[PDB]
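Order-wise, the sequence lines are chains U and E.
Residues in the first sequence are numbered consecutively from 11, following our numbering.
Residues in the second sequence are numbered consecutively from 933, following our numbering.
C-beta atoms are modelled at their ideal positions from N, C-alpha and C, and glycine is treated no differently.
The structure appears below as structure tokens.
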Amino acid sequence: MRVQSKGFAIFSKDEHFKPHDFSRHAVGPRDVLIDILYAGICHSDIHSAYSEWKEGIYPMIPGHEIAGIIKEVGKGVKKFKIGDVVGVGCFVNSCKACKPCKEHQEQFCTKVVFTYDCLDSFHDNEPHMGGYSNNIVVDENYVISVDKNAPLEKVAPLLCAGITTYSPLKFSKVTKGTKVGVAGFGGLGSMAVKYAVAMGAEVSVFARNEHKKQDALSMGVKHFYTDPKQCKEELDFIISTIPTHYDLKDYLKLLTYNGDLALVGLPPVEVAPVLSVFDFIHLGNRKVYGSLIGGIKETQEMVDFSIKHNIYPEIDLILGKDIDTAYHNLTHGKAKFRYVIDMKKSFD
Amino acid sequence: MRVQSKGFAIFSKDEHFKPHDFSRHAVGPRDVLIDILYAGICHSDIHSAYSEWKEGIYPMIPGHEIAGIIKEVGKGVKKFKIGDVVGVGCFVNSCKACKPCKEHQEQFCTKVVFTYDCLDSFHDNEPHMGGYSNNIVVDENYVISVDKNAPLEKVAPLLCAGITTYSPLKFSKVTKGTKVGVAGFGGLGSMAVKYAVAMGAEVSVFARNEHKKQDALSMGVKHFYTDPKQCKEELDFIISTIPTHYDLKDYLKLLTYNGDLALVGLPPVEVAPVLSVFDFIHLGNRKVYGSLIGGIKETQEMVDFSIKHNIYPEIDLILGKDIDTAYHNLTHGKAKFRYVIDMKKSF
Ligand SMILES: NC(=O)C1=CN([C@@H]2O[C@H](COP(=O)(O)OP(=O)(O)OC[C@H]3O[C@@H](n4cnc5c(N)ncnc54)[C@H](OP(=O)(O)O)[C@@H]3O)[C@@H](O)[C@H]2O)C=CC1
Ligand SMILES: NC(=O)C1=CN([C@@H]2O[C@H](COP(=O)(O)OP(=O)(O)OC[C@H]3O[C@@H](n4cnc5c(N)ncnc54)[C@H](OP(=O)(O)O)[C@@H]3O)[C@@H](O)[C@H]2O)C=CC1
Ligand SMILES: [Zn+2]
Ligand SMILES: [Zn+2]
Ligand SMILES: [Zn+2]
Ligand SMILES: [Zn+2]
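Written as structure tokens, this is what we have:
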């Protein structure tokens, strides 16, 4: 039997979100049915909702920062029981037979099923629906285990903001004394800041004004800039989470010899920056790479780490009916860090 | 007293080379006068000659692969004597006072003087003339010491093709068992192969056809492709020397996790490939950087290493009057590896 669901859907790129009844695939012998308690809003939600990257699949239900409780399990499930506290991230399935799947980087699988705005090739190519909803059905190998005493409203954005920034920090070996820049001081940015500080880094933040400078300082940030040109120092590592137009050269030039610039931010495609061969050679010996989310394994490692060291996103709790207001704030320079939807209260 | 010279000049971006008489600044107290014996031809000479990157300064005398013999020294010269065999690469002066200068990366000095197609601010902003000529006057700190018995025609291209490929291989710590790809099998491509092979790497070459497949095999190349999509394994390190349009993503996607793509090739600016943020993220965990020539100190080390291990470019000797044919061959797929001008025989 298909699982009945409800959530907050957008029907085309210029409309408002509305309550939407729908259904998901039946609980298969390896699936679990999760009741969703908290749903983080990521800026990827907005880019997808508005078709800023590509043409979206509508009706769309975004949200891929999911924290909840296991209500039901398929009969072959071994990794979870009813009552378990869990999280779901940016994808819910992959082919499990390719090189990326075998290397625990399922996010690069060519048959990866992202949580929303993506056809589910494992269920007759039906559109997958995200986390702005009351439940979700996920193959057990894509579910993150969460400590039952962790604050669940704070856990939810670890599922995307947390892994996406944790991953390149570890990949570039950020450690004690590493000079780290964080460009874009929002949901991902503040997680990058917290992890780099917990890792022993000396952290610089680049924002567009000083509205959150005190929160930066309170996080242990050593330099706060409102323009990359103000930074007079060479950095070893920079993570750019910027979701609007900018010039990659302004950051690449800040790096020391053999420094890394890790790109996670994803502006709309028509304004997204590029680097040419001439740019790399002019600013030579400074390395650039991209990072996409993380694998299931490293996502589990990151959640475990974050709960252990009490490293959580700064969140503001809202209801499903506030989604349009949250998206406005996030696109007009009015947001703080993460918004999180209290899904139980939204569905009274 | 200005030094008198002659060589082979282009007078605008769409013309043929012509014999040209000209003069150079006098031998200053830290300068040496060098008699040019062999002048390597670099594709950078063509891009500059043809204004493919920016507005050229004409008349222009390219060549930044110079081997020769010191004929005079200024009175304050302390590293060189008359008779020393030496090389000159892509630049002839710098501020000496910035941080790149001090860290032996003079090629990044904002006041660097490139060997040609560049105004020399140390000499009243006059255009500097390169190596397609009988002589050159260079500050001694920009001159490379060359073993007096090394084969000078094969030394000349070390001064640019050598350092440019040697530097990123060292920077990326290519070593025994590293899987290395080299894209564009021409002057820099062949040097890069020979270094990587000498360093014990497993080497793949990427060309546009198989005309030089047997030569790759001769040099110890393990795999030869005519399309990057042919390559079915992951590479630790790729150096791209390509001077025409291509899609960077075809190479980036061949790198293993934590692999390096090193960019040195510089196609005309109007068709220079780019990577967007979307490209990097879709192809995550694979690092890209550019490399520019090398500093003097690393250039000296590269030359010492090459000479000591007998690692030399494959060269074909030509006359100065054959410059246009050589440029033709290099822009029409008919070149082998490096052309070198036999300067003593060119006048
Ligand atoms: N796997 C991946 O690679 C992932 C990528 N992302 C992408 O990361 C980007 C950021 O996500 P999220 O953290 O949720 O975004 P949010 O808006 O929280 O944060 C973006 C931040 O960047 C600041 N900002 C915007 N433009 C600039 C600029 N030009 N310079 C400096 N700061 C700027 C914004 O502040 P203000 O507007 O108030 O000035 C805001 O604080 C999005 O494009 C999202 O799609 C997200 C998850 C995963
Ligand atoms: N410091 C720096 O960064 C420096 C950069 N350079 C740049 O390096 C580039 C190459 O220099 P050089 O080695 O002298 O050039 P040459 O022409 O010797 O060699 C280039 C090679 O690339 C091959 N080739 C051309 N297009 C492609 C393609 N799309 N895919 C694969 N192979 C291709 C050519 O073969 P064919 O055309 O016959 O198919 C040729 O064999 C130039 O842009 C030059 O300016 C040079 C010195 C220093
Ligand atoms: Zn996200
Ligand atoms: Zn797969
Ligand atoms: Zn300088
Ligand atoms: Zn050159």
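What number of angstroms, rounded off, separates the C-alpha of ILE993(E) from the C-alpha of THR1188(E)?
In the second sequence, the residue the question calls residue 993(E) occupies position 61. In the second sequence, the residue the question calls residue 1188(E) occupies position 256. About 42 Å.
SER131(U): beta carbon under 6 Å from a heavy atom of ligand 4?
Translated into the one-based positions of the first sequence, residue 131(U) becomes position 121. Not under cutoff, so the answer is no.
Under 8 Å, with one C-beta from each stretch per pair, do the segment 1218 to 1234 of chain E and the segment 340 to 353 of chain U reach the 3-pair mark?
No: the two stretches stay apart, fewer than three of their Cβ pairs being nearer than 8 Å.
Going along the segment 1212 to 1224 of chain E in order, which residues come within less than 8 Å of chain U, judged by CB to CB distance?
Answer in chain order: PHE1212, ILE1213, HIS1214, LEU1215, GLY1216, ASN1217, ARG1218, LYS1219, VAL1220, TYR1221, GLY1222, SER1223, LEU1224.
Alpha carbon to alpha carbon, how far is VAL203(U) from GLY194(U)? Give it in angstroms, no decimals.
Taking the first residue of the first sequence as 1, we reach residue 194(U) at position 184. Taking the first residue of the first sequence as 1, we reach residue 203(U) at position 193. If I take the Cα positions, the gap works out to 10 Å.
With which residues is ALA272(U) paired in a DSSP beta bridge?
Residue mapping note: residue 272(U) aligns to position 262 of the first sequence, counting from 1. BP columns for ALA272(U) point to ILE249(U), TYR299(U).
Between the Cα of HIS26(U) and those of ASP332(U), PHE357(U), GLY343(U), spot the shortest distance and give me the residue it belongs to.
As a working mapping, residue 26(U) is identified with position 16 in the first sequence. Cα-wise, what sits closest to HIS26(U) is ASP332(U).
Can you give me the start and stop residues for the beta strand (DSSP E) that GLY1216(E) sits inside?
Numbered from 1 along the second sequence, position 284 holds the residue referred to as residue 1216(E). Per DSSP, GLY1216(E) belongs to no beta strand (DSSP E) and is neither H nor E.
Taking Cβ-Cβ distances shorter than 7 Å, what residues in chain E pair up with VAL284(U)?
Indexing the first sequence from 1 puts residue 284(U) at position 274. Result: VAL1206, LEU1207, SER1208.
Give the single residue among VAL1009(E), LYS1266(E), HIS952(E) whose Cα lies nearest to the Cα of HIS1143(E).
Mapped onto the second sequence, residue 1143(E) falls at position 211. Closest option to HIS1143(E), Cα to Cα, is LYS1266(E).
Hey, is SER250(U) close to ligand 4, as in C-beta under 6 Å from one of its heavy atoms?
As a working note, residue 250(U) is residue 240 in the first sequence. No - ligand 4 has no heavy atom lying nearer than 6 Å to the Cβ of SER250(U).
Do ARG40(U) and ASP127(U) have their C-beta atoms within less than 7 Å of each other?
Stepping through the first sequence from its first residue, residue 40(U) is reached at position 30. Stepping through the first sequence from its first residue, residue 127(U) is reached at position 117. In this structure, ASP127(U) does not lie closer than 7 Å to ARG40(U) by Cβ.
Here's the rule I'm using: 16 or more other beta-carbon atoms within 10 Å means buried, otherwise exposed. How should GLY86(U) be labelled?
Counting from 1 along the first sequence, the entry for residue 86(U) is found at position 76. Counting Cβ neighbours within 10 Å, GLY86(U) comes out exposed, since fewer than 16 surround it.
Determine the contact status of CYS1022(E) and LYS1043(E), defining contact as a CB-CB distance below 7 Å.
Mapped onto the second sequence, residue 1022(E) falls at position 90. Mapped onto the second sequence, residue 1043(E) falls at position 111. Going by C-beta atoms, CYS1022(E) is not nearer than 7 Å to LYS1043(E).
Give me the chain U residues within the contact set of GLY1197(E), using Cβ-Cβ distance strictly less than 8 Å, ordered along the chain.
The residue labelled residue 1197(E) in the question sits at position 265 within the second sequence. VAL287, listed in chain order.
Among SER155(U), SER214(U), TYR349(U), which residue has its Cα nearest to the Cα of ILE317(U)?
Residue numbering aside, residue 317(U) sits at position 307 when the first sequence is read from its first letter. Ranking the options by Cα distance to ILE317(U), first place goes to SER155(U).
Give me the Cα-Cα distance between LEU162(U) and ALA282(U), rounded to the nearest whole angstrom.
Against the first sequence, residue 162(U) aligns to sequence position 152. Against the first sequence, residue 282(U) aligns to sequence position 272. Looking at the two C-alpha atoms, the distance is approximately 34 Å.
Please give the ranges of any alpha helix (DSSP H) in the segment 1088 to 1119 of chain E, keeping only runs that are unbroken, at least 4 residues long and fully inside the region.
1093 to 1103, all fully within the segment 1088 to 1119 of chain E.
Strictly below 8 Å CB to CB, what residues from chain U border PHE1103(E)?
Taking the first residue of the second sequence as position 1, residue 1103(E) is located at position 171. Neighbours of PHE1103(E) on chain U, chain order: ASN268, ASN295.
Specify, as a first and last residue, the run of the beta strand (DSSP E) that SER1208(E) falls within.
On the second sequence, position 276 is the one that residue 1208(E) refers to. Looking at the DSSP string, the run of the beta strand (DSSP E) that includes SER1208(E) is 1206 to 1208.
Which residues count as close to ligand 6 when the rule is a CB under 6 Å from any of its heavy atoms, in chain order?
Ordered along the chain, the selected set is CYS974(E), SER976(E), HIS996(E), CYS1022(E), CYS1092(E).
Quick one: what's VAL123(U) bridged to in DSSP?
Locating residue 123(U) in the first sequence gives position 113, where the first residue counts as 1. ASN103(U), per the DSSP bridge assignment.
Taking 6 Å as the line, does the beta carbon of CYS119(U) fall inside it for any heavy atom of ligand 4?
The residue you call residue 119(U) lines up with position 109 of the first sequence. Because some heavy atom of ligand 4 lies under 6 Å away, the Cβ of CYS119(U) counts as near it: yes.
Using only the heavy atoms of ligand 2, determine whether one of them is closer than 6 Å to the beta carbon of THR1096(E).
One-based indexing of the second sequence puts residue 1096(E) at position 164. Yes, Cβ of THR1096(E) sits closer than 6 Å to a heavy atom of ligand 2.
Where does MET1234(E) sit, in a helix, a strand or coil, going by DSSP?
The residue given as residue 1234(E) occupies position 302 in the second sequence. Note: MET1234(E) maps to helix in three-state DSSP.
My output table needs one value for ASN151(U): the three-state DSSP class, helix, strand or coil.
Position 141 of the first sequence holds residue 151(U). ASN151(U) falls in the helix class under three-state DSSP.
How should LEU327(U) be labelled, buried or exposed, when 16 other C-beta atoms within 10 angstroms of its C-beta is the threshold for buried?
Against the first sequence, residue 327(U) aligns to sequence position 317. Burial call: exposed.
Whole angstroms are fine: how far does the CA of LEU1195(E) sit from the CA of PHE954(E)?
If you number the second sequence from 1, residue 954(E) lands on position 22. If you number the second sequence from 1, residue 1195(E) lands on position 263. Taking the straight line from one Cα to the other gives about 36 Å.
Which residue's Cα is closest to the Cα of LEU293(U): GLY1216(E), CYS1041(E), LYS938(E), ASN1242(E)?
Here the question's residue 293(U) lines up with position 283 in the first sequence. It is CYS1041(E).
Are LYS1219(E) and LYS297(U) close, meaning C-beta to C-beta below 7 Å?
As a first step, residue 1219(E) is located in the second sequence; it is residue number 287 there, counting from the start. As a first step, residue 297(U) is located in the first sequence; it is residue number 287 there, counting from the start. In contact: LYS1219(E) and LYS297(U) (Cβ atoms closer than 7 Å).
Give me the Cα-Cα distance between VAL1153(E) and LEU1184(E), rounded to the nearest whole angstrom.
Numbered from its first residue, the second sequence carries residue 1153(E) at position 221. Numbered from its first residue, the second sequence carries residue 1184(E) at position 252. Straight-line Cα distance between these residues: approximately 21 Å.
Does the Cβ of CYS108(U) lie closer than 6 Å to at least one heavy atom of ligand 4?
Walking along the first sequence from the start, residue 108(U) turns up at place 98. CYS108(U): yes, Cβ under 6 Å from ligand 4.
Give me the Cβ distance between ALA171(U) and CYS52(U), rounded to the nearest whole Å; I'm assuming they're in contact under 8 Å.
Position 161 of the first sequence, counting from 1, holds the residue named residue 171(U). Position 42 of the first sequence, counting from 1, holds the residue named residue 52(U). Contact holds; Cβ gap of about 7 Å.
For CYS1033(E), is the beta carbon positioned less than 6 Å from some heavy atom of ligand 5?
Position 101 of the second sequence, counting from 1, holds the residue named residue 1033(E). Yes, since a heavy atom of ligand 5 falls inside the 6 Å radius drawn around the Cβ of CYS1033(E).
Tell me the start and end of each unbroken alpha helix (DSSP H) in the segment 209 to 242 of chain U that is at least 4 residues and wholly inside, in chain order.
With a minimum length of 4 residues, the continuous alpha helix (DSSP H) runs that stay inside the segment 209 to 242 of chain U are 223 to 228.
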